[PDB]
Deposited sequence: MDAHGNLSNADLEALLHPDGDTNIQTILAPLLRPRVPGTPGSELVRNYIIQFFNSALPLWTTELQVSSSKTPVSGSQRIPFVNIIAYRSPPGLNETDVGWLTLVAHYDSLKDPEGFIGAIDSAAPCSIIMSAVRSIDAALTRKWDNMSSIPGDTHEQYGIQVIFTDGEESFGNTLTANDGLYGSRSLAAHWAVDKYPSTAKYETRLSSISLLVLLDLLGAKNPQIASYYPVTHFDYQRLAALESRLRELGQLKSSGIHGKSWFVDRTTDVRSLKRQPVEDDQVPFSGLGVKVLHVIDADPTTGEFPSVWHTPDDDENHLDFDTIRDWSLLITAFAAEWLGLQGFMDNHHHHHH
């Protein structure tokens, strides 16, 4: 439970994002460049984190008989002195691949900003994480940047798209832990998966798609409103409309159909999933720039991206129980 002091206590976003805003179609050199950038960001700025790749290959509707590689990026930090197989993971996810067609599509909100948002937020809590663990409970932080979320084919095809998340959920679901472990599979050790998608455009609308995580959705909404009351949001004023259009809906009145995305493989295998995607609550339509050459840096609203970063930081900090550890200011001390 975070205090207003904790919130006031909360590599600029533009610096972290710039290197992501290039074509990164899976299997191409753009993908390798963006991937090594992300890994090097964690290796230099978050050295306490372990980084890892998960690799698969599969044919797609446009690759004929060639097998395209799909490389998920995983990075995590666990409380020290704990068997990693006893750790529950808060898991933050976005996809780092880009749509192939049209040639040179960038995917600024889809989903480079979401990736930057995650990198920024975990960077901002790392020091408080160290502070709270130095003091000491069986919960860690994890990010997954998925590859191959985007579909390649013209037709609608059940096995097209979500290549990275299907491969990752599959292999983690059969990564069987010791029988002495608190958790039964690597997949089952995910306590909450938060997928960010289509973020960075103005005035997003975020619905609540999974009853089993509506409480977390409401916690997220509560934090947004508190940061709005504190005057800490740059894209909205103290009287702005809340992004979270289901914040008052009762868990038993939720009836929106989920949007097919990276959370579906994990959810269908039994993971609690929270899908933070900007889509009209009534029509289901995505932002106007979606899958258009206009989803570029010049249509990003960076005040909204900064707000998203601040909110995700606050959410992760509340969830990992960092209250009283966000401020490390020391008076009369050098």
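- In sequence order, the deposited residues that have no C-alpha coordinates form the ranges 1-5, 16-21, 148-155.
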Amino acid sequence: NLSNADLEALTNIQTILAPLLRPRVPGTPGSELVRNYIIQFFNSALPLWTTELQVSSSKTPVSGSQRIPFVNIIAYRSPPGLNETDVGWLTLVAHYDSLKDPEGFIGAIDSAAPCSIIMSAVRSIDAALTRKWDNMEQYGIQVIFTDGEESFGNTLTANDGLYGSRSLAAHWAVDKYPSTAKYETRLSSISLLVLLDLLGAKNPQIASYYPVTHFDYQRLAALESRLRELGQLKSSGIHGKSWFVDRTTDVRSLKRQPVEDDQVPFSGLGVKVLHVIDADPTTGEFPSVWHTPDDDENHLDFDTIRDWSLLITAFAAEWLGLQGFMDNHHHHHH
From here on, numbers count along this sequence of modelled residues.
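- Mean C-alpha B-factor is higher over 251-259 than over the other stretch, the pair under comparison being 251-259 and 216-224.
- For the segment pair 280-288 and 265-273, the entry gives 280-288 the higher mean B-factor, averaged over Cα atoms.
- Within the selection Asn298, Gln54, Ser309, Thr51, the deposited Cα B-factor values reach their highest point at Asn298.
- Highest C-alpha temperature factor among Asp97, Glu229, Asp246, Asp197 per the entry: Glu229.
- The deposited CA B-factor of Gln142 belongs to the lowest third of values across its chain.
- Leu21: CA B factor in the middle third of modelled residues in this chain (values from the PDB entry).
- Ranked by C-alpha B-factor against the other modelled residues of its chain, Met136 falls in the highest third.
- In this PDB entry, the Cα temperature factor of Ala316 sits in the bottom third of its chain's modelled residues, the lowest group.
- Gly88: CA B factor lies in the middle third for its chain, per the PDB record.
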